[PDB]
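Structure record follows, encoded as structure tokens.
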Amino acid sequence: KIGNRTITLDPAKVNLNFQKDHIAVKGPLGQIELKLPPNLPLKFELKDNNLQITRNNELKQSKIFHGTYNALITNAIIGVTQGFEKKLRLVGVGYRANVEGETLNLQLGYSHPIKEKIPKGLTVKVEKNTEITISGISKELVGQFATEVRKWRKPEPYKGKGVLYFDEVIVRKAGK
Amino acid sequence: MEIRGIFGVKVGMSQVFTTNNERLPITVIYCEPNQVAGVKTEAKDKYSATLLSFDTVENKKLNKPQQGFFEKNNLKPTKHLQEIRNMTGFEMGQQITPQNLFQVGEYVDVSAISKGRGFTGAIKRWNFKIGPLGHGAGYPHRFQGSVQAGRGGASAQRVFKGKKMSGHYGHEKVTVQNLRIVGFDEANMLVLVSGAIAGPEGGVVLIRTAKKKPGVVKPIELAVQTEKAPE
Amino acid sequence: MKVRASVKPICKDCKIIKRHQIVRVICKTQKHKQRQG
Amino acid sequence: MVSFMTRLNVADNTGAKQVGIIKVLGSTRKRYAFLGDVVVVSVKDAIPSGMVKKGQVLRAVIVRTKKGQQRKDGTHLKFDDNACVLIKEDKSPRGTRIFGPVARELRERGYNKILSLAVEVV
RNA sequence: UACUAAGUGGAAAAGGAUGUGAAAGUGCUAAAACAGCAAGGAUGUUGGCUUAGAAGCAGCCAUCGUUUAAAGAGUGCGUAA
RNA sequence: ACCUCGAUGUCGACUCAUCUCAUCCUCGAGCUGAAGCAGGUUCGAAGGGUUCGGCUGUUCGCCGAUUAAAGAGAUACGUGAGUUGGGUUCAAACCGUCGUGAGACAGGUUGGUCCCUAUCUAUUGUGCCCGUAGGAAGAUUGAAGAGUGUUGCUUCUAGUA
RNA sequence: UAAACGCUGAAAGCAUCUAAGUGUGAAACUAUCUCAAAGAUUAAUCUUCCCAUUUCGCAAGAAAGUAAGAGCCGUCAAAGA
Ligand SMILES: [K+]
Ligand SMILES: [Mg+2]
Ligand SMILES: [Mg+2]
Ligand SMILES: [Mg+2]
Ligand SMILES: [Mg+2]
Ligand SMILES: [Mg+2]
Ligand SMILES: [Mg+2]
Ligand SMILES: [Mg+2]
Ligand SMILES: [Mg+2]
Ligand SMILES: [Mg+2]
Ligand SMILES: [Mg+2]
Ligand SMILES: [Mg+2]
Ligand SMILES: [Mg+2]
Ligand SMILES: [Mg+2]
Ligand SMILES: [Mg+2]
Ligand SMILES: [Mg+2]
Ligand SMILES: [Mg+2]
Ligand SMILES: [Mg+2]
Ligand SMILES: [Mg+2]
Ligand SMILES: [Mg+2]
Ligand SMILES: [Mg+2]
Ligand SMILES: [Mg+2]
Ligand SMILES: [Mg+2]
Ligand SMILES: [Mg+2]
Ligand SMILES: [Mg+2]
Ligand SMILES: [Mg+2]
Ligand SMILES: [Mg+2]
Ligand SMILES: [Mg+2]
Ligand SMILES: [Mg+2]
Ligand SMILES: [Mg+2]
Ligand SMILES: [Mg+2]
Ligand SMILES: [Mg+2]
Ligand SMILES: [Zn+2]
């Protein structure tokens, strides 16, 4: 079960301030803020190097929240301590991207130039024109950037053209 | 938005030949210097507008309440008072002319009261079709069109609200948009506006910034005749 | 996606879920997407 | 303004003396055809030594109009008879010569061959 | 005192569904349960007719046996095979 | 066979249209036995648009040429106190057929009277009175609303994917 | 927002667009565009102007006595039966 899963964290640099509805996690990287919805059916306890989430009742939403927020705390700590990264393999005949200031521009196949603004806290690097790496401290934010970059050219099944994900296989078709 | 407005009187229609070889019909508007009679602010009133005074007249042709207001505000007596929404940035008691408002060839829209036509029929009013004239016919030739929606208790049994029938036509405010200013005449205080402006010659006319193309200014220049003295 | 009054798995990999109070079938094969269960 | 079922003359060498309009090509309920417009027609008066036969349905472009049209400068071009020439898919004239004068509206809508084979353009 | 999350109540069938509550049995489990993860996952052989060919995955002749923890003439994909 | 026989005018056409979606075009998307172009099917969507002719009284229908498209229905198979009367169905006359006959035929053909000055309500416009709590002259905000919303071709992008 | 696609995520250690949280998304919807609109009796707001008498008694009382404005009438048409 996720709810009854240990969250053993070292006190070297990661602290977790527990307010009424504002959980703050600070560590090597930037600080992550989590909002607690009101009347949360789960109380945290903060021992030495161990946090344990317990519930009051046997309700369905109680169990659902107990699992979900244990996962959220795990993800916040990991991103604060070591971050998250996503890899996009942009592949094609004339596809290439590069970064200018805060906007990532791409030229896949479109007459109109394609540009994209980078939100705060995320760093996107382009080592090779066919490769994009999105590094951040919040999993959902880097995932939104990866998917919104993908939306311009979804990988087609007939050839390999598109903004593929790394180690992602697509079903091949033979268009004679 | 930043809406600019001026008031004038339409004097007639003419044409001018322009470079790029076009013959442009124009409307001529006599624009008196307008006087800002009041400014109404968004914070103090819940909306923002500018009310000007124009078409100046002598004090003996004005009613007592209006002349009292004019003498209280220290303004020139005028018989016409009207405002435009979202007009800001003008100090009270400042003379405004279209030269400071619009550019040489920018897009503006014009509102004016249409020419009165009186009690007109359905065909002249709603672009309806006339009934057949030959092959046998009946008393109603210029018929409005059957207004039946449903006959019987399970159907409407009534003429629907907002039906298209005969009635009053004309003497109604109408706006024509995206009209390009052609030329300014400072000495005669005379504005040239391309196209046709509604209303009879001598009626009031409101020139406003076009909401469709607020900042668009399409260049236009006139042609200089090359003809010389007879040889 | 195929809209049918009755939805059942076609291959052993098809999995039934309930999303937005509607039961659908999702699977690796896109020819087997069903809805309106 | 040539309209539906309008008899007009042919200003070329093809054997067709009188031609009748069938459709004002270009859109739905296109009421009239002005200078430069393309129409579908049927040959009604022809000659034995002609490339076309009576009754064929063909495509033509109008070059002259009695009503006339007004240009941008303000000049109103007005002929005294409605005339059309028979054209091919490529927009190339079917005849080898064009009789009489033609308008300038052809130049805008391509029809360069028609202008080069005319006597004088107006 | 329980139930419903559908405005069901406040109209409907054949059929479909990890919605939820109650009950009655049965299997394993701190001699470790289930899911997932990490490893192996075999040999004769690719058996043989058969099919251009099939030989772990065409129809067959059927639907083998050992080593071994386990392994199937295979679970599919897939390869002319 | 429940309303109507002290009368509910019945086909088609013209004018004016309104509504529904089981969508013809335009708009968005899933799957494809979807290489591209052009398609097939399903889902969402009713804002607008949805042609002119030949023959027939015709609805229907076949054909011709266009269009992005030439949608399916309902509204007393909408609409004659709005029009027409070609058709059906008065009296006249003939053909085929039936009848011994007078006559008869959802058999065929020629001809043949379509009334009403609007009281109430509904609707399109325009006024008088009064109210808005002193009166009058001006300028406004905008609760509740109405109107419009269609789309094609060419060039470039690019003979690039 | 519909169809559809999501990111992060459990109930159901996997998976999962959804339950919490956070997105994308159509000529449809609400506005942006044009017109009319305080009889909107729920009767709105602002500015300016004119009333602010003498007596008797009875006060949103009397006799006279006090202005802005409007109407009747006439000439008309940017209007109009
Ligand atoms: K009856
Ligand atoms: Mg008569
Ligand atoms: Mg008559
Ligand atoms: Mg009833
Ligand atoms: Mg009714
Ligand atoms: Mg119900
Ligand atoms: Mg079930
Ligand atoms: Mg149950
Ligand atoms: Mg009975
Ligand atoms: Mg009845
Ligand atoms: Mg009666
Ligand atoms: Mg009667
Ligand atoms: Mg009647
Ligand atoms: Mg539908
Ligand atoms: Mg809209
Ligand atoms: Mg004829
Ligand atoms: Mg019926
Ligand atoms: Mg009828
Ligand atoms: Mg009908
Ligand atoms: Mg019937
Ligand atoms: Mg009637
Ligand atoms: Mg009728
Ligand atoms: Mg009549
Ligand atoms: Mg009647
Ligand atoms: Mg008759
Ligand atoms: Mg007759
Ligand atoms: Mg008879
Ligand atoms: Mg006999
Ligand atoms: Mg109302
Ligand atoms: Mg996921
Ligand atoms: Mg949105
Ligand atoms: Mg009362
Ligand atoms: Zn499947």
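Chain identifiers are assigned as A, B, and so on, following the order in which chains appear in the structure tokens; residues are numbered from 1 within each chain, and ligands are numbered from 1 in order of appearance.
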
Point to revise | Check: which chain F residues lie within 7 Å of chain B using only C-alpha atoms (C1' of nucleotides), as a list in words | key: residues 14, 15, 16, 18, 75, 76, 78, 79, 82, 83, 84, 122, 123, 124, 125, 137 and 138 of chain F

Practice item. Identify, on the basis of only C-alpha atoms (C1' of nucleotides), every residue whose closest approach to range 141-154 of chain F does not exceed 12 Å; exclude the query and any residue fewer than 6 positions from it along the same chain; express the result as a ChimeraX atom specification. Key: /B:40,42,45-49,85,161-163 /D:25-28,108-110 /F:25-26,47-50,67-69 /G:27,33-38,40,42,44-46

Exercise for review: Please provide the set of residues having any atom within 6 Å of range 83-86 of chain D, restricted to only C-alpha atoms (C1' of nucleotides), with same-chain residues fewer than 5 positions apart removed, written as number ranges by chain.
Suggested key: D: 8-11, 60-64, 94

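A distance search around ligand 10 (9 Å at most, only C-alpha atoms (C1' of nucleotides) and all ligand atoms) returns the following protein and nucleic acid residues: residues 3, 4 and 8 of chain F.
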
Check your understanding: Mind listing as a ChimeraX atom specification which residues of chain G are within 12 Å of chain C, counting only C-alpha atoms (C1' of nucleotides)?
Key -> /G:3-4,12,15-19

Just-selected residues, N, CA, C and O atoms (P, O5', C5', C4', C3', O3' and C1' of nucleotides) written as a PDB file, in the first residue's frame:
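Output file out.pdb follows:
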ATOM      1  P     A G   3     -17.579  15.299 -23.557  1.00  0.00           P
ATOM      2  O5'   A G   3     -17.126  14.674 -24.949  1.00  0.00           O
ATOM      3  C5'   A G   3     -18.050  13.970 -25.765  1.00  0.00           C
ATOM      4  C4'   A G   3     -17.552  13.838 -27.181  1.00  0.00           C
ATOM      5  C3'   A G   3     -16.144  13.290 -27.346  1.00  0.00           C
ATOM      6  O3'   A G   3     -16.090  11.874 -27.271  1.00  0.00           O
ATOM      7  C1'   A G   3     -16.394  15.223 -28.678  1.00  0.00           C
ATOM      8  P     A G   4     -15.052  11.157 -26.275  1.00  0.00           P
ATOM      9  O5'   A G   4     -13.617  11.571 -26.830  1.00  0.00           O
ATOM     10  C5'   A G   4     -13.241  11.291 -28.169  1.00  0.00           C
ATOM     11  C4'   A G   4     -12.006  12.059 -28.566  1.00  0.00           C
ATOM     12  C3'   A G   4     -10.812  11.935 -27.633  1.00  0.00           C
ATOM     13  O3'   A G   4     -10.062  10.749 -27.831  1.00  0.00           O
ATOM     14  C1'   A G   4     -11.173  14.206 -28.128  1.00  0.00           C
ATOM     15  P     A G  12      -8.314  -0.642  -2.263  1.00  0.00           P
ATOM     16  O5'   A G  12      -7.234  -1.015  -3.373  1.00  0.00           O
ATOM     17  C5'   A G  12      -6.892  -2.376  -3.619  1.00  0.00           C
ATOM     18  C4'   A G  12      -6.044  -2.538  -4.859  1.00  0.00           C
ATOM     19  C3'   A G  12      -4.977  -1.466  -5.080  1.00  0.00           C
ATOM     20  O3'   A G  12      -3.835  -2.070  -5.686  1.00  0.00           O
ATOM     21  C1'   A G  12      -6.439  -1.515  -6.930  1.00  0.00           C
ATOM     22  P     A G  15       3.378   2.101 -13.124  1.00  0.00           P
ATOM     23  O5'   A G  15       2.060   1.914 -13.997  1.00  0.00           O
ATOM     24  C5'   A G  15       2.098   1.213 -15.232  1.00  0.00           C
ATOM     25  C4'   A G  15       0.715   0.814 -15.679  1.00  0.00           C
ATOM     26  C3'   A G  15      -0.231   1.957 -16.018  1.00  0.00           C
ATOM     27  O3'   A G  15      -0.068   2.425 -17.347  1.00  0.00           O
ATOM     28  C1'   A G  15      -1.319   0.423 -14.579  1.00  0.00           C
ATOM     29  P     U G  16      -0.153   3.995 -17.681  1.00  0.00           P
ATOM     30  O5'   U G  16      -1.622   4.412 -17.234  1.00  0.00           O
ATOM     31  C5'   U G  16      -2.764   3.956 -17.946  1.00  0.00           C
ATOM     32  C4'   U G  16      -4.034   4.292 -17.208  1.00  0.00           C
ATOM     33  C3'   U G  16      -4.242   5.760 -16.866  1.00  0.00           C
ATOM     34  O3'   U G  16      -4.781   6.512 -17.940  1.00  0.00           O
ATOM     35  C1'   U G  16      -4.642   4.443 -14.947  1.00  0.00           C
ATOM     36  P     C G  17      -3.868   7.573 -18.728  1.00  0.00           P
ATOM     37  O5'   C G  17      -4.552   8.980 -18.423  1.00  0.00           O
ATOM     38  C5'   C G  17      -4.363   9.626 -17.173  1.00  0.00           C
ATOM     39  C4'   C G  17      -5.472  10.603 -16.871  1.00  0.00           C
ATOM     40  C3'   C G  17      -6.846  10.003 -16.613  1.00  0.00           C
ATOM     41  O3'   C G  17      -7.015   9.617 -15.261  1.00  0.00           O
ATOM     42  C1'   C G  17      -7.020  11.820 -18.135  1.00  0.00           C
ATOM     43  P     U G  18      -8.083   8.487 -14.849  1.00  0.00           P
ATOM     44  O5'   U G  18      -8.952   9.188 -13.713  1.00  0.00           O
ATOM     45  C5'   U G  18     -10.330   8.875 -13.530  1.00  0.00           C
ATOM     46  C4'   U G  18     -11.051   9.973 -12.787  1.00  0.00           C
ATOM     47  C3'   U G  18     -11.542  11.121 -13.664  1.00  0.00           C
ATOM     48  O3'   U G  18     -12.682  11.759 -13.078  1.00  0.00           O
ATOM     49  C1'   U G  18      -9.917  11.933 -12.163  1.00  0.00           C
ATOM     50  P     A G  19     -13.919  10.930 -12.461  1.00  0.00           P
ATOM     51  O5'   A G  19     -13.592  10.854 -10.905  1.00  0.00           O
ATOM     52  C5'   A G  19     -12.920  11.924 -10.259  1.00  0.00           C
ATOM     53  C4'   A G  19     -13.000  11.825  -8.757  1.00  0.00           C
ATOM     54  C3'   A G  19     -12.276  12.924  -7.990  1.00  0.00           C
ATOM     55  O3'   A G  19     -13.070  14.083  -7.813  1.00  0.00           O
ATOM     56  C1'   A G  19     -11.586  10.832  -7.165  1.00  0.00           C
TER      57        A G  19
END

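Take CA of residue 117 in chain D and CA of residue 98 in chain D: the distance between them is 6.0 Å.
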
Check your understanding: Among chain D, which residues carry a DSSP assignment of helix (DSSP H, G or I), reported as an MDAnalysis selection string?
Key -> chainID D and resid 105:108 112:116

Residue selection dump (C-alpha atoms) as a CSV table (one decimal), in the first residue's frame:
chain,number,residue,atom,x,y,z
D,105,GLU,CA,-10.3,43.0,-68.0
D,106,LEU,CA,-8.9,39.9,-69.8
D,107,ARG,CA,-5.4,40.9,-68.9
D,108,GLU,CA,-6.2,40.7,-65.2
D,112,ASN,CA,-2.7,36.4,-72.4
D,113,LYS,CA,-3.2,34.5,-75.6
D,114,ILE,CA,-6.5,36.2,-76.2
D,115,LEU,CA,-4.8,39.7,-76.0
D,116,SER,CA,-1.9,38.7,-78.3

**Study point:** Contacts with ligand 14 at most 10 Å, only C-alpha atoms (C1' of nucleotides) and all ligand atoms counted, listed as a ChimeraX atom specification
**Key:** /F:21-23,43-46

Exercise for review: Enumerate residues in contact with ligand 28: an atom-to-atom distance of at most 12 Å, counting only C-alpha atoms (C1' of nucleotides) and all ligand atoms. Format the result as a count of residues only.
Suggested key: 5
